[PDB]
């Protein structure tokens, strides 16, 4: 009833050295999206969405994703609590998500003011999902950065049809 490309070993997922949590704050556009549950679709292409990171006093992120769906703005809210090392996080209040037993975030690379690559691994209803997101501070990034994202996604076992580049939009994500 479900087939998934296996999640890579964490050894294949680099960590951004000297992660600066204050500089990673603010709005990021999802210009690239890859994962074992991500599928390319050409009848209904994925629309670009935005994810806003806000550091609280206790140094956990409030993470709000803003999606344009059904002619309305949908808000997906979660909390990233600092993990085993800087640039790694786990999900706050995992009990609120039914079936979710694990959720790991790892910032693979970033220059903070233009681009980032972030790796996610979650175990939900015993199934191990993973995704990589190419974050852009703007809605567009260079071909070099996008090709690097594709290369990295492929290095984690993902084929091309599991790698998408959401189409830029103006609704919801510009506020």
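Numbering follows the first chain given and starts at 1.
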Higher-B stretch (mean Cα B-factor, as the entry records it), 37-45 or 134-142 = 37-45
message = Tell me which stretch has the larger mean Cα B-factor in this entry, 113-121 or 143-151.
response = 143-151
query = By the record's CA B-factor, is residue 51 among the lowest, middle or highest third of residues in the chain?
reply = lowest
ask   = Thinking about Cα B factors across the chain, which third does residue 81 belong to?
value = middle
key: CA B-factor placement of residue 22, once the chain's modelled residues are sorted into thirds   = middle
message = When the deposited Cα B-factors of this chain's modelled residues are ordered and cut into thirds, is residue 65 in the lowest, the middle or the highest one?
response = lowest
inquiry  = Can you tell me whether residue 104 has a C-alpha B-factor in the lowest, middle or highest third compared with the other modelled residues of the same chain?
reply    = lowest
